[PDB]
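Novice: Can you keep this structure in mind? I'll have questions shortly.
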Amino acid sequence: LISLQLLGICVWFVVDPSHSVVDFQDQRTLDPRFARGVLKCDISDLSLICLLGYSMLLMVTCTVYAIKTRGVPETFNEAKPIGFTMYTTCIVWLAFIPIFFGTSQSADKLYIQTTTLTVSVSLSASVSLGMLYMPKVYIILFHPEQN
Amino acid sequence: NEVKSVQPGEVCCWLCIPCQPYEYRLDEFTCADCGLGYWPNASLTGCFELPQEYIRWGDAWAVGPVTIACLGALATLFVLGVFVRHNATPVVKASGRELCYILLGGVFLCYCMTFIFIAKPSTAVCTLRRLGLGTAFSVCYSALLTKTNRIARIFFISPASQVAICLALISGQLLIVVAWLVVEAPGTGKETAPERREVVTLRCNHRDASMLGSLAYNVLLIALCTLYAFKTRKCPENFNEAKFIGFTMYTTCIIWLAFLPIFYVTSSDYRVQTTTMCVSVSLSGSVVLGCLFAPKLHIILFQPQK
Amino acid sequence: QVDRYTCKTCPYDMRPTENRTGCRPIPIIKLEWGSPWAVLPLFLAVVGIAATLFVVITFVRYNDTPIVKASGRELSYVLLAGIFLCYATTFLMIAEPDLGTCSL
Ligand SMILES: O=C(Nc1cc(Cl)cc(Cl)c1)[C@H]1CCCC[C@H]1C(=O)O
């Protein structure tokens with residue numbers, strides 16, 4: 001299930017030369033003298049969209065199987081936490097879309113993209129780690145509920 | 001398109017310079033210009049009005065929100081029809097009627113708010129936006145707070161008293177939006193910027209990011225309704241309709257916590273801001289429906305014997 | 001320009017100054033670690049790494065209680081190492097673009 005992703009990234013590693021460039025300085029008109037170049041690490045947004053769409057389809061399949069696991073009993077059933085994680089991840093990876101793409105028309109401080117990505121990613125991780133393993137550590141460390 | 005640049009000098013020999021492309025020609029010897037948001041005449045004989053731009057009914061940026069809004073409105077209509085003409089069961093009759101029909105009314109109003117939003121904004125539609133984008137959420141979260149308050153009490157209560165609680169929570173938001181309309185008159189929506197005279201919109205004249213104040217009360221509503229939905233998680237009511245309320249409150253809080261900063265940042269661009277408004281309202285309505293009435297609807301359709 | 005007789009644009013990446021100085025270097029902005037705009041990703045990534053390492057060492061030292069059995073064991077360790085890598089992505093992004101960093 002990771003193979004298609006791996007293929008993906010290698011394909012980008014031959015389609016996109018992966019070169020960094022000092023951004024051409026139309027981030028601000030240079031006539032007002034205090035104009036800046038944010039040294040953007042130029043990675044094409046299409047690769048980001050493709051990789052995230054792959055993860056979205058993968059998590060759609062995860063949600064489908066979580067729904068189908070409704071009848072699982074006791075500690076082996078975690079369909080509801082998984083659905084909660086998927087809802088939170090969808091909201092996160094949708095709240096990401098307007099700032100990164102739409103707001104990017106605002107030339108001033110374009111590196112708000114970088115944070116809008118990183119924060120979003122570490123939030124999604126903070127969900128998958130939290131709602132899946134905190135309700136699993138809280139016992140082992142607090143409640144000797146089981147042998 | 002050109003003016004004779006002056007030099008009295010030795011003799012009356014003129015230069016020629018084209019005017020600023022937004023500056024017209026009212027004198028042969030000097031250009032002329034008019035206010036921002038305006039434009040030069042083709043022969044540069046005066047000021048001309050660039051045509052107002054807005055999110056139109058059929059454009060690509062409104063098709064998605066209007067489609068999700070209409071589908072959600074039809075789904076809410078079906079849900080309320082089933083809960084009205086099939087309410088004899090205790091799953092609805094003993095946990096419903098007009099109380100908890102307030103939920104469906106609020107969901108319908110939320111869904112129609114997207115219809116309200118994508119329209120001509122210059123007219124009183126600004127007033128409709130200012131009142132409704134608050135009141136639609138106020139209805140839903142106030143009725144949810146009434147439900148969780150009741151469950152916490154059983155964790156005065158009477159049908160008319162529940163209606164009164166909902167009405168008072170609604171009157172709070174109505175008074176706050178009335179105070180806002182007192183602060184800022186509604187309408188007169190238009191504006192452009194130094195940059196261009198070639199890009200104009202009918203964005204509402206209410207001050208940017210001010211309506212978040214009207215939403216503050218809604219946020220407080222959530223900040224209570226989640227808390228009580230926590231405290232009441234242990235009590236199994238009819239089909240244990242508690243866990244569902246907690247799920248709904250958590251999902252709505254998750255939506256809000258990202259939706260508010262998203263609006264605040266995207267306020268620079270009107271298109272993405274309005275699309276976000278419509279999508280967030282539709283998402284809140286859909287999550288309320290499919291997290292609260294979905295189990296009851298499942299019970300009353302696929303298990304009619306209950 | 002310092003051209004007295006016919007003035008011309010300074011090139012890209014080289015700011016002007018209509019004084020005796022001549023054209024001047026344009027300021028170049030980076031997402032340096034000293035920026036207040038990077039402290040939020042820094043903090044989120046570091047707390048996520050701490051949480052991931054804590055959960056890893058909890059499973060590692062409780063690798064035999066029936067709830068880590070229910071968690072599927074090493075498939076869960078693969079998931080949690082994936083979360084760790086997804087967190088370290090943030091540490092990698094705030095660094096200077098360079099050449100290897102953009103590839104990674
Ligand atoms: O999103 C970005 N970088 C990026 C990061 C990852 Cl982890 C994956 C991909 Cl595909 C791109 C931003 C911030 C860094 C430089 C400029 C901009 C870009 O679009 O490259």
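How things are named: the first chain in the structure tokens is A, the next is B, and so on; residues count from 1 in each chain; ligands count from 1 in the order shown.
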Please report, as a tab-separated table, each residue of chain A lying at most 6 Å from chain C, together with the nearest pair of atoms and the separation in Å rounded to one decimal; use only C-alpha atoms, and order rows by chain and ascending residue number.
Specialist:
```
residue	atom	partner	partner_atom	distance
A:36	CA	C:27	CA	5.4
A:37	CA	C:28	CA	4.9
A:38	CA	C:29	CA	4.4
A:41	CA	C:97	CA	5.4
A:76	CA	C:70	CA	5.7
A:118	CA	C:90	CA	5.3
A:119	CA	C:41	CA	5.6
A:122	CA	C:87	CA	5.7
A:125	CA	C:83	CA	5.7
```
Novice: Could you report the residues within 7 Å of ligand 1, using only C-alpha atoms and all ligand atoms, as a ChimeraX atom specification?
Specialist: /A:40-45,47-48,111,113-114,117 /C:89,93
Novice: How would the residues just chosen look if you wrote them out with N, CA, C and O atoms as a compact mmCIF listing (two decimals), in the first residue's frame?
Specialist:
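This is the output file part.txt:
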```txt
# COMPACT_ATOMS: atom_id res chain seq x y z
N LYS A 40 12.07 30.95 -1.68
CA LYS A 40 11.17 29.81 -1.64
C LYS A 40 11.85 28.56 -2.15
O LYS A 40 12.47 28.56 -3.22
N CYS A 41 11.76 27.48 -1.38
CA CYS A 41 12.22 26.17 -1.82
C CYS A 41 11.24 25.63 -2.85
O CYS A 41 10.22 25.03 -2.49
N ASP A 42 11.53 25.85 -4.13
CA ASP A 42 10.53 25.66 -5.18
C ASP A 42 10.23 24.19 -5.40
O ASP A 42 10.89 23.52 -6.18
N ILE A 43 9.21 23.69 -4.70
CA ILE A 43 8.62 22.38 -4.96
C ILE A 43 7.22 22.60 -5.53
O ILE A 43 6.39 23.28 -4.92
N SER A 44 6.98 22.03 -6.71
CA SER A 44 5.72 22.26 -7.41
C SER A 44 4.55 21.76 -6.58
O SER A 44 4.59 20.68 -5.99
N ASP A 45 3.49 22.57 -6.53
CA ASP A 45 2.32 22.24 -5.72
C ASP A 45 1.58 21.01 -6.24
O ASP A 45 0.85 20.38 -5.47
N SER A 47 2.82 18.11 -7.07
CA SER A 47 3.30 16.93 -6.35
C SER A 47 2.67 16.85 -4.96
O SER A 47 2.26 15.77 -4.52
N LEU A 48 2.57 17.98 -4.27
CA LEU A 48 1.93 18.01 -2.96
C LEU A 48 0.48 17.57 -3.06
O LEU A 48 0.00 16.77 -2.25
N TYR A 111 5.40 33.10 3.14
CA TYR A 111 5.83 31.93 3.91
C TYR A 111 4.81 31.51 4.96
O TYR A 111 5.06 30.54 5.68
N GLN A 113 2.43 30.06 4.02
CA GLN A 113 2.19 28.73 3.48
C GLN A 113 2.92 27.70 4.31
O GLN A 113 2.39 26.62 4.59
N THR A 114 4.19 27.96 4.62
CA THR A 114 5.03 26.94 5.24
C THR A 114 4.40 26.49 6.54
O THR A 114 4.22 25.29 6.78
N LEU A 117 1.18 24.55 6.22
CA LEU A 117 1.46 23.14 6.02
C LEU A 117 1.91 22.46 7.31
O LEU A 117 1.30 21.47 7.73
N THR C 89 9.06 15.78 9.80
CA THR C 89 8.88 16.59 8.60
C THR C 89 8.85 18.08 8.94
O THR C 89 9.42 18.90 8.21
N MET C 93 11.25 21.08 7.59
CA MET C 93 10.75 22.14 6.72
C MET C 93 11.33 23.50 7.10
O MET C 93 11.71 24.28 6.23
```
Novice: With DSSP run on the backbone, what are the strand (DSSP E) residues within chain C? I'd like them as a list in words.
Specialist: residues 14, 15, 24 and 25 of chain C
Novice: Keeping only N, CA, C and O atoms, take the residues you just selected and write them out as a tab-separated table (two decimals), in the first residue's frame.
Specialist:
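What follows is the written file selection.tsv:
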```tsv
chain	number	residue	atom	x	y	z
C	14	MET	N	18.43	43.11	-7.04
C	14	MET	CA	19.46	44.11	-6.74
C	14	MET	C	18.64	45.39	-6.56
C	14	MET	O	18.20	45.97	-7.55
C	15	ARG	N	18.39	45.82	-5.32
C	15	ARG	CA	17.49	46.96	-5.13
C	15	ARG	C	18.16	48.26	-5.55
C	15	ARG	O	19.39	48.37	-5.58
C	24	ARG	N	21.60	48.41	-4.77
C	24	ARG	CA	21.95	47.79	-3.50
C	24	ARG	C	21.35	46.39	-3.44
C	24	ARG	O	20.39	46.08	-4.15
C	25	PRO	N	21.91	45.51	-2.60
C	25	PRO	CA	21.35	44.16	-2.48
C	25	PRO	C	19.95	44.14	-1.91
C	25	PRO	O	19.67	44.78	-0.89
```
Novice: May I ask which of the residues A:95, A:49, A:10, A:134 is the closest one to chain B, counting only C-alpha atoms?
Specialist: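 Between A:95, A:49, A:10, A:134, the residue approaching chain B most closely is A:95.
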Novice: Would you return as a ChimeraX atom specification the members of chain C that DSSP assigns to alpha helix (DSSP H) on this structure's backbone?
Specialist: /C:39-61,66-70,74-93,100-103
Novice: Quick one: residues within 10 Å of segment 6-19 of chain B, only C-alpha atoms, excluding same-chain residues fewer than 2 positions away - as a list in words?
Specialist: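 So the residues in contact are residues 1, 2, 3, 4, 21, 22, 23, 24, 25, 29, 30, 31, 32, 33 and 44 of chain B.
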Novice: Can you check which residues of chain A have any atom within 9 Å of chain B? Use only C-alpha atoms and format it as number ranges by chain.
Specialist: A: 84, 87-88, 91-92, 95-96, 98-99, 102-103, 105-106
Novice: For those residues, write N, CA and C atoms to a file as a PDB file, in the first residue's frame.
Specialist:
```
ATOM      1  N   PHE A  84     -13.397   9.377  14.246  1.00  0.00           N
ATOM      2  CA  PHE A  84     -13.116  10.703  14.787  1.00  0.00           C
ATOM      3  C   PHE A  84     -11.813  11.247  14.220  1.00  0.00           C
ATOM      4  N   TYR A  87     -12.485  12.300  10.571  1.00  0.00           N
ATOM      5  CA  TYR A  87     -13.191  13.574  10.509  1.00  0.00           C
ATOM      6  C   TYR A  87     -12.257  14.734  10.823  1.00  0.00           C
ATOM      7  N   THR A  88     -11.450  14.590  11.876  1.00  0.00           N
ATOM      8  CA  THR A  88     -10.528  15.657  12.244  1.00  0.00           C
ATOM      9  C   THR A  88      -9.489  15.888  11.155  1.00  0.00           C
ATOM     10  N   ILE A  91     -11.118  17.723   8.215  1.00  0.00           N
ATOM     11  CA  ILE A  91     -11.285  19.140   8.515  1.00  0.00           C
ATOM     12  C   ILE A  91      -9.940  19.845   8.453  1.00  0.00           C
ATOM     13  N   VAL A  92      -8.893  19.206   8.974  1.00  0.00           N
ATOM     14  CA  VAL A  92      -7.570  19.816   8.958  1.00  0.00           C
ATOM     15  C   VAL A  92      -7.099  19.994   7.519  1.00  0.00           C
ATOM     16  N   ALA A  95      -9.267  22.877   5.871  1.00  0.00           N
ATOM     17  CA  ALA A  95      -8.854  24.175   6.382  1.00  0.00           C
ATOM     18  C   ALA A  95      -7.479  24.554   5.846  1.00  0.00           C
ATOM     19  N   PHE A  96      -6.691  23.555   5.438  1.00  0.00           N
ATOM     20  CA  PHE A  96      -5.413  23.813   4.782  1.00  0.00           C
ATOM     21  C   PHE A  96      -5.595  24.385   3.379  1.00  0.00           C
ATOM     22  N   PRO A  98      -7.699  26.552   1.782  1.00  0.00           N
ATOM     23  CA  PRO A  98      -7.928  27.949   1.392  1.00  0.00           C
ATOM     24  C   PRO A  98      -6.769  28.878   1.717  1.00  0.00           C
ATOM     25  N   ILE A  99      -6.073  28.664   2.834  1.00  0.00           N
ATOM     26  CA  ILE A  99      -4.939  29.531   3.140  1.00  0.00           C
ATOM     27  C   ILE A  99      -3.783  29.252   2.188  1.00  0.00           C
ATOM     28  N   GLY A 102      -5.745  29.657  -1.733  1.00  0.00           N
ATOM     29  CA  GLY A 102      -6.516  30.871  -1.954  1.00  0.00           C
ATOM     30  C   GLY A 102      -5.846  32.113  -1.396  1.00  0.00           C
ATOM     31  N   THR A 103      -5.477  32.079  -0.112  1.00  0.00           N
ATOM     32  CA  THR A 103      -4.825  33.229   0.505  1.00  0.00           C
ATOM     33  C   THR A 103      -3.488  33.559  -0.154  1.00  0.00           C
ATOM     34  N   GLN A 105      -2.723  34.466  -2.861  1.00  0.00           N
ATOM     35  CA  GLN A 105      -2.751  35.686  -3.663  1.00  0.00           C
ATOM     36  C   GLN A 105      -2.133  36.857  -2.911  1.00  0.00           C
ATOM     37  N   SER A 106      -2.235  36.858  -1.584  1.00  0.00           N
ATOM     38  CA  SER A 106      -1.598  37.881  -0.760  1.00  0.00           C
ATOM     39  C   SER A 106      -0.090  37.678  -0.816  1.00  0.00           C
TER      40      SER A 106
END
```
Novice: Mind giving me the straight-line distance from atom CA of residue 11 of chain A to atom CA of residue 23 of chain A in Å, one decimal?
Specialist: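 Taking atom CA of residue 11 of chain A as the start and atom CA of residue 23 of chain A as the end point, the length is 24.6 Å.
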